[PDB]
Amino acid sequence: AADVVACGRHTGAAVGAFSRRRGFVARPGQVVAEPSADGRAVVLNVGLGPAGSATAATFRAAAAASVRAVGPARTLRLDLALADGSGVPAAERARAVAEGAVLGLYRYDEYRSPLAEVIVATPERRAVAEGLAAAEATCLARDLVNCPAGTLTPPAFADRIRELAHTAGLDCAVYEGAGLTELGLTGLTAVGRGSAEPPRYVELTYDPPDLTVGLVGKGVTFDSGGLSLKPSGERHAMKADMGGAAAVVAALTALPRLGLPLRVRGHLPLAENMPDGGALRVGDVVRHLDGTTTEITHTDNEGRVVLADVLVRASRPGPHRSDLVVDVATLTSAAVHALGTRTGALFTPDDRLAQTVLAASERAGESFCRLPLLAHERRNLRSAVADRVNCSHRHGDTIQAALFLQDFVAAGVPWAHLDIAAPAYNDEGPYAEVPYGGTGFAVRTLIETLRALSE
Amino acid sequence: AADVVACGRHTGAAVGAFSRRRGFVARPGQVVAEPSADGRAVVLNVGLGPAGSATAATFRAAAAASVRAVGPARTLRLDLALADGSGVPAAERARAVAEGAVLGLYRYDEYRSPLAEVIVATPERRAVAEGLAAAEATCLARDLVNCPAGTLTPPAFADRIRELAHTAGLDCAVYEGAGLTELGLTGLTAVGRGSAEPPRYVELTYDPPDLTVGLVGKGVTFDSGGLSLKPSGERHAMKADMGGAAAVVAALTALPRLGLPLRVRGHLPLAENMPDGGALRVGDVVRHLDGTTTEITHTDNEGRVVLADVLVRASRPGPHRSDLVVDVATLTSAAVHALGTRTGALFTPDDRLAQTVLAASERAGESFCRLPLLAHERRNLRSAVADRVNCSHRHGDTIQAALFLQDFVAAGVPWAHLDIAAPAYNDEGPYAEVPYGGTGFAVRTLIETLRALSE
Amino acid sequence: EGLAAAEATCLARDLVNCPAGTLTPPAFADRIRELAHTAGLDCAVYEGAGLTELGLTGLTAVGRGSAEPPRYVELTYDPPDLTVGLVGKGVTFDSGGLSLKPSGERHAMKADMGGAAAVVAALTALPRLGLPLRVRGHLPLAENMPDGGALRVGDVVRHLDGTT
Ligand SMILES: [Mn+2]
Ligand SMILES: [Mn+2]
Ligand SMILES: [Mn+2]
Ligand SMILES: [Mn+2]
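What counts and how
- Each residue takes a number counted from 1 along its chain in the order the sequence is written, a numbering that need not match the entry; residues with no coordinates do not appear.
- All chains are assigned letters beginning with A, and all ligands numbers beginning with 1, in the order in which they are written.
- This view holds some of the chains of a larger assembly, and the values cover only those chains.
- Excluded from the side-chain calculation are hydrogens and water; included are all heavy atoms of the structure.
- The secondary structure listing takes helices from DSSP runs of H or I that are at least 4 residues long and strands from runs of E that are at least 2 residues long, numbered from the N terminus.
- Think of it in three bands: with a 1.4 Å probe and only protein chains considered, a residue is buried below 20% of the maximum accessible area for its type, exposed above 50%, and partly exposed in between.
- Accessibility throughout is a Shrake-Rupley quantity obtained with a 1.4 Å probe, and a residue counts as covered only by protein chains that appear here.
- For the charge count, each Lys or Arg is scored as positive and each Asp or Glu as negative, with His and the chain ends excluded.
- By convention, the charge on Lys lies at NZ, on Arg at CZ, on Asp at CG and on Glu at CD.
- Put simply, the radius of gyration uses C-alpha atoms, and a globule should come to 2.2 Å times the residue count raised to 0.38.
- For two strands to count as paired, DSSP must find a minimum of two bridges between them.
- UniProt positions are given in the numbering used here, feature names are shortened, and annotations may be inferred rather than shown by experiment.
- We call two residues in contact whenever any of their non-hydrogen atoms come within 4.5 Å of each other.
- For the purposes of these results, a polar contact is taken to be a pair of N or O atoms within 3.5 Å, where, inside protein, one atom must be able to donate a hydrogen and its partner to accept one; residues adjacent in sequence count only when each atom of the pair is a side-chain atom.
- Counted as donors are N, O and S atoms no farther than 2.8 Å from the metal, or 3.2 Å for Na, K and Ca; water is not among the atoms, and sites may therefore look incomplete.
- The copies are aligned by least squares, using only their C-alpha atoms.
- Accessible surface is computed with a 1.4 Å probe, and the buried area is the amount of it that two parts give up when combined, taken over both parts together.
- A carboxyl oxygen of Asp or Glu within 4 Å of a side-chain nitrogen of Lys or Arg is what we treat as a salt bridge.
- In this classification, the charged set is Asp, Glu, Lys and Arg, the nonpolar set is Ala, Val, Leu, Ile, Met, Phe, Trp, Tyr, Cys and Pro, and all remaining amino acids, among them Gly, are polar.
- For every element, the axis is a line fit to its C-alpha atoms; helices are fit only across the contacting stretch, and the angle between N-to-C directions ranges from 0 to 180 degrees.
- Just so you know how the angles are binned, under 35 degrees is roughly parallel, over 145 roughly antiparallel, 65 to 115 roughly perpendicular, and the rest oblique.
- For any helix crossing, the convention is left-handed if the near helix is rotated counterclockwise from the far helix by under a right angle, and right-handed if that rotation is clockwise.
- Working rule for helices: expected span equals 1.5 Å times residues minus one.
- By convention a nonpolar core is built from buried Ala, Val, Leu, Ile, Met, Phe, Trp, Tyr and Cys residues, the set being connected through side-chain atoms within 4.5 Å.

Going by the header, the method for this PDB entry is X-ray crystallography, and the resolution given is 2.32 Å.

What follows is the structure, given as structure tokens:
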């Protein structure tokens, strides 16, 4: 039995006397190992819960639990997708089992000083291939987020995107120094100025021969806070503030494999936010690409300032025309207080786009909830000096940040904003298919959203 | 012209040369006073904004601005509801103008050491009467919330409800001492024990001859925090922690005027949360009316503990049977971080009830957003000692508190939870129809919700 | 011997885990009395006026703020076969008193009687082992609570030896 075989069991399914004696009750993610019938290999009995309540997430989580229980085995065959009786069709089971296996195997050992084959048993080969690709993209995002900021600097991150673009056949332009200055991304330049690592701006285009979607990803490779320095003695995953950029890049790398008939452009501002003799100051004013002005009332609300000019560039009327814009950003720390650590916030004025993103997230097994663009919170954007502030010092910053970003989206362009600060990094232990640390959150939601949009 | 007449003006409507010279541009809530044509009285020109974008809230706010600009006049006639051209029908205009006038006139002068008539001009007399009644109920809630806690103690609040019930014809039972102990409301008793003011429990029933709806209102008349004492030097409106109870009581007082064909029971636990030699302790366990247990990990999360047993009582299978339960509570301080100071949180697993409450709030002009009952946040209810904790000390307490309350709602009973901590008290200056301090938030949403449910 | 040592440890675990509202100083004194009776240990519980006579003014002053009055318990293992004294701190709930522990910091305030728990449990194991030595347990039990009548910063306690 190829070293280890993992069998999915719904509640009520038969297992041997040994599994029963060990307490196997088919609880989701429960794994009991036993010798195979011939005594030459290992069987894992893996719980899928009641058949009537099982979802694709159940299969995804059960696959992750299987690969975690593999021990020193060289080969693992997952039969989980062959369990029927639930409402989850075979193709969705196969896709989810494939995702969960890759996501569950993920390790980040690059900075530390025998499993050779995972096989998914199913006729749904296409679904398996899609699952593997989606999960591999997620793991790419995980690597990028986990990467120490001293390795993944803005220049190094730009180089990495260039290499990934080259592999995938994606068109890539990297802007730096004077070339960057010409673009008028004054938020990026101002925020990035304090650091010894100069900022970068990268555009990625997936453009198959077969609507144009713009993806904007916040790539603050290290967020210290700037002069409004993050308190020492509080823990912050400061290197993880490029999770939005990671999600966008990774999603873009998966599109050529899927062959989606839609044009997608990625827009990635990359910078460090550092305290320094030449750092952006509280009370300074940024004049943005659209001529409007932002007073910097708190240097740690840097992401919205960096994204502003990119949203103008991405959405402005011009050559070939981006029909809709989605931004992804580890933007706000206020959200998590209400929503908790595992749910992202979705903002959009477009109800059908909201539905498209939420349904995409459900298929992907990623938790989002929509928050309203409350008109009465615009009063908290007011500045005594400029057109707006980047920080009100009042409650409601998650909503205020969304309204701030909305100011820079050209009139009539459908737009959605994904604030993923909390779910982008897991500071608790591993659970299900999610490791400690960088999660790659939103990659799969984005892929699913782009699929629906292409249909 | 009866001292003062207020005329509604949409953008583009004609005003005299004087109003133009003063800068009147029909901006919503803008008021420019001028002599009447005959020179004997005062005309207020009041902005209603563009006709195409005006809503009922525009009329409500314009009416509030009118009554604020009345000066020393003895009589005020509002003609605002006679302005047509907008999408707001005459009856809705009249209702809103009536509400706004009363809400805008509200003052709380009881503890400080000429306007004799406001008239709303319209044929829609019924709509005016409904608006006045809804606004008067709101103002009752405002008074209750503004009341110093040393005056509105739990015993005094129970007496006040008894008096209000008697006026309205509502059946009222007040429980205290041993009689209270018999009900098994052990959360209420435990939380209330530290104070010198003993707790109370009050049930109110509107039962016209013409479904049974249960309303549960958190009535913590003073929330100091208990032994987990609220930090001195932070400002908290500790007397306002009975805003939920206020909203429920006030809504119940309005029902006999409206003559709604539905039975509605109010359930009001009333207590002070005080530090004391005999106060509830961190690590103590409450055994609730359903036999389940709650570990007190933070004494300042007292409201959910108080509400728990009342929700069991309100929803248990028994005589005549409460078909649905809505609780209203100034429950959580985490919500406001995400949602801001003017929006309540709505929780329910029932999508149609969610729609009913949200649409009711829209008609009432009160801001709510629905938050999800996230299954993955139940893990944060776990206790090493009891069935659950009242505080996880983690992010997501607004959602966790809702899930906590959900545990006590009997199976199959539709339920909604309204968390209104922030919008129940305005700690900024007055705006539109909203004063500084107690707002009476949720009263009108509740009335509108009960109307829809009765239809 | 292993089972007995571990069972004593588990008794201490129960006492520490017990919610302070159940394991009050009076209730803890009752529990020790019951455990002493089982084991054959001599037990004296002091309370109210009887407690006042002993001159344990630290205990009385610290315990005064709480609605749960303090207790003092002596336990003696005295087999027929040196005299060792064991003194165990039994603050059944430590809120901090008027110097109130900051809310928003986590403290296992009910666990402040762990010393008393360890001493009581150790004493319960001695009759099983049959050790040839006399051992007395001395257990002051109180809550430290904020209150209108709680011990104040700047107050002076005059102790049983006359020092302050
Ligand atoms: Mn920041
Ligand atoms: Mn940032
Ligand atoms: Mn509280
Ligand atoms: Mn409270």
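J.: Just to check I follow, could you spell out the overall build of chain A for this structure?
T.: Helix and strand counts for chain A come out as 13 helices and 19 strands. In chain A, which comprises 455 residues, the share counted as buried stands at 60%. Put simply, chain A shows about 17,900 Å² of open surface, and 50% of that area lies on carbon and sulfur atoms. Of the charged side chains in chain A, 45 are positive and 50 negative; the average position of the first set lies 4 Å away from that of the second.

J.: Help me out: how do you make sense of the overall build of chain C in this one?
T.: Looking only at helices and strands, one finds 5 helices and 5 strands in chain C. Counting from the amino terminus, helix and strand elements in chain C follow one another as α-α-β-α-α-β-β-β-α-β. On C-alpha atoms alone, chain C measures out to a radius of gyration of 17 Å, which is about the 15 Å that the 2.2 N^0.38 rule sets for 164 residues. Overall size of chain C, expressed as C-alpha extent along the three principal axes, is 50 × 40 × 20 Å. Per-residue burial over chain C gives 40% buried out of 164 residues. As displayed, chain C has an accessible area near 8,500 Å², and 53% of this comes from carbon and sulfur atoms.

J.: Would you mind going over the sheet that holds strand β16 (residues 388–389) of chain A with me for this structure?
T.: Strand pairs in the sheet, formed through backbone hydrogen bonds, run parallel or antiparallel to each other. Residue and element names in this part refer to chain A. With mixed pairing, the 3 strands of this open sheet are ordered in space as β11-β12-β16. Strands with a single pairing partner mark the edges of an open sheet, and in this sheet they are β11 (285–287) and β16. Across 2 bridges, the pairing between strand β12 (residues 293–295) and β16 is parallel. Residue pairing for β16: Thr294 is matched across the bridge by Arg388.

J.: Teacher, can you tell me more about the UniProt feature "binding site: Mn(2+) 1" (unreviewed entry) in chain A here?
T.: All names here are of chain A. In this structure's numbering, the residues bearing the UniProt feature "binding site: Mn(2+) 1" (unreviewed entry) are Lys218, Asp223, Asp241 and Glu302. Of the residues just listed, which span 85 residues, no C-alpha pair is farther apart than 11.3 Å, and they cluster in one region. Within the fold, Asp223 resides in strand β9 (residues 219–223). The exposure class of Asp223 is buried, given its relative accessible area of 5%. For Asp223, the contacting residues outside a window of four places in its chain are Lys230, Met238, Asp241, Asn273, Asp300 and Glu302. A polar contact of 3.1 Å, which involves the side chain of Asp223, links it to the backbone nitrogen of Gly225. Relative to the helices and strands, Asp241 is located in the loop between β9 and α8 (243–258). What makes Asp241 buried here is its relative accessible area of 9%.

J.: Looking at this structure, I do not really get the coordination of the manganese ion (ligand 2). What am I missing?
T.: Around a metal, the idealised angle for a tetrahedral arrangement of four donor atoms is 109.5 degrees; for an octahedral arrangement of six donor atoms it is 90 or 180 degrees. Residue and element names in this part refer to chain A. Around the manganese ion (ligand 2), the donor atoms from the protein are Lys218 (NZ), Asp223 (OD), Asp241 (OD) and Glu302 (OE), and they sit 2.0 to 2.4 Å away. Look at where the donors of the manganese ion (ligand 2) fall in the sequence and you get K-x4-D-x17-D-x60-E. Between the manganese ion (ligand 2) and the manganese ion (ligand 1), both coordinated by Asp223, there is a metal-metal distance of 3.1 Å. Of this pair, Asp223 sits in strand β9 while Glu302 sits in the loop between β12 and α9 (303–315); the two residues are 79 residues apart in sequence, bridging distant segments of the chain. For the pair formed by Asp223 and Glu302, the shared burial category is buried.

J.: Got a minute to help me understand the relation of the copies chain B and chain A in this structure?
T.: Comparison of the two chain copies shows a relationship of rotation about an axis with a shift along it. With an RMSD of 0.0 Å, the operation that places chain B on chain A is a rotation of 180° combined with a shift of 0.0 Å along the axis. The transformation just described matches what one would write down for a two-fold rotation axis. When the interface residues of chain B are mapped onto chain A, 100% of them are again interface residues, pointing to one common binding face.

J.: I'm lost on the interface of chain C and chain B in this one. Help?
T.: When the parts of a complex come together, some accessible area is lost, and that lost area is often used as the size of the interface. Residue-level contacts link 19 residues of chain C with 17 residues of chain B. Between chain C and chain B lies a buried interface of about 1,400 Å² when both sides are counted; carbon and sulfur atoms form 58% of it. Here chain C is connected to chain B by 1 salt bridge. The partner of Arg281 of chain B in a salt bridge is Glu143 of chain C, and the shortest N-O contact between them spans 2.8 Å. Here chain C is connected to chain B by 7 residue pairs in polar contact. Tallied by class, residues from the side of chain C that touches chain B come to 8 nonpolar, 6 polar and 5 charged.

J.: Hey, could you run me through the coordination of the manganese ion (ligand 4) in this one?
T.: Residue and element names in this part refer to chain B. Within the first shell, the manganese ion (ligand 4) binds the protein through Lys218 (NZ), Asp223 (OD), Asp241 (OD) and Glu302 (OE), at distances of 2.0 to 2.4 Å. One chain supplies every donor to the manganese ion (ligand 4), and in sequence these donors are spaced K-x4-D-x17-D-x60-E. The metal-metal distance between the manganese ion (ligand 4) and the manganese ion (ligand 3) is 3.1 Å, with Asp223 coordinating both.

J.: What should I look at first to understand the packing of helix α2 (residues 25–39) of chain C against helix α5 (residues 114–129) of chain C in this one?
T.: Axes are the key here: two packed helices are described by the angle between their axes and the distance separating the axes. Residues and elements named next belong to chain C. One way to put it is that α2 packs onto α5 with a least axis distance of 9 Å and a crossing angle of 15°. Classed by the angle they form, the pair α2 and α5 counts as roughly parallel. The crossing of α2 and α5 is left-handed. Only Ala116, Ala117, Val120, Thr124 and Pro127 of α5 make contact with α2, whose side of the interface consists of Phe28, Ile32, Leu35 and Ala39. Across the contact of α2 with α5, the residue classes tally to 8 nonpolar, 1 polar and no charged.

J.: Explain α8 of chain A to me, please; I cannot follow it from the model alone.
T.: Owing to its 3.6 residues per turn, the α-helix brings residues three or four apart onto one side. Residue and element names in this part refer to chain A. Taking 1.5 Å of rise per residue, the 16 residues of α8 would be expected to cover 22 Å, and the 23 Å separating its terminal C-alpha atoms lies within 8% of that figure. In terms of residue burial, α8 counts as a mostly covered element, since 13 of its 16 residues are buried. At the exit of α8 stands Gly259, carrying a positive phi of roughly 65°.

J.: Any chance you could explain the sheet that holds strand β11 (residues 285–287) of chain B here in plain terms?
T.: Read from one edge of the open sheet, 3 strands run β11-β12-β16 (chain B), paired in mixed fashion. Every other strand in the sheet has two partners, leaving β11 and β16 (388–389) of chain B as the edge strands with one partner each.

J.: In this structure, what is going on with unusual backbone geometry? I would like to understand it.
T.: Apart from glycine, the bulk of residues carry a negative phi angle, and the bulk of peptide bonds sit in the trans form. Positive phi outside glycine occurs at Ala26 of chain A, with the angle close to 60°. Along the chain, the position of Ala26 of chain A falls in the loop between α1 (17–21) and β2 (31–35). You can call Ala26 of chain A buried: its relative accessible area is 4%. Phi is positive for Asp3 of chain B, which is not a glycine, with a value near 60°. Counting through the fold element by element, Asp3 of chain B comes out in the segment before β1 (4–9).

J.: Just checking my understanding: could you explain the nonpolar core for this structure?
T.: Here is a general trend for soluble globular proteins: nonpolar side chains tend to be buried in one another's company. Core analysis: the biggest nonpolar cluster contains 84 residues, and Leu311 and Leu371 of chain A together with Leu311 and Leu371 of chain B have the highest contact counts within it. When near neighbours in sequence (up to four residues on either side) are disregarded, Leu311 of chain B contacts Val216, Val325, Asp327, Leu405, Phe408, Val409 and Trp415 of chain B.

J.: Even after reading the chapter, I still don't get the UniProt feature "binding site: Mn(2+) 2" (unreviewed entry) in chain A, so can you show me in this structure?
T.: All names here are of chain A. As annotated by UniProt and renumbered to match this structure, "binding site: Mn(2+) 2" (unreviewed entry) occupies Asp223, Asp300 and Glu302. A maximum C-alpha distance of 8.6 Å is found for the annotated residues, which run over 80 residues; spatially they form one tight group. Along the polypeptide, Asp300 turns up in the loop between β12 and α9. Those residues within four positions of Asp300 in sequence are excluded, and the remaining contacts are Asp223, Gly225, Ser228, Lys230 and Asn273.

J.: What exactly am I supposed to notice about the pattern of salt bridges here?
T.: It is possible for side chains bearing opposite charge to pair when their charged atoms get close. Taken as a whole and judged by the stated rule, the model has 61 salt bridges over all chains. Notably, a salt bridge pairs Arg394 of chain B with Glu428 of chain A, separated by 3.4 Å at the nearest N-O pair. Here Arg394 of chain B, found in the loop between β16 and α12 (397–406), pairs with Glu428 of chain A, found in the loop between β18 (425–426) and β19 (437–438), and the two come from separate chains. On the accessibility criterion, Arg394 of chain B (44% relative accessible area) is partly exposed. Each member of the salt-bridge network shares a partner with another, and the members are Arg60, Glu99, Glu366 and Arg444 of chain A.

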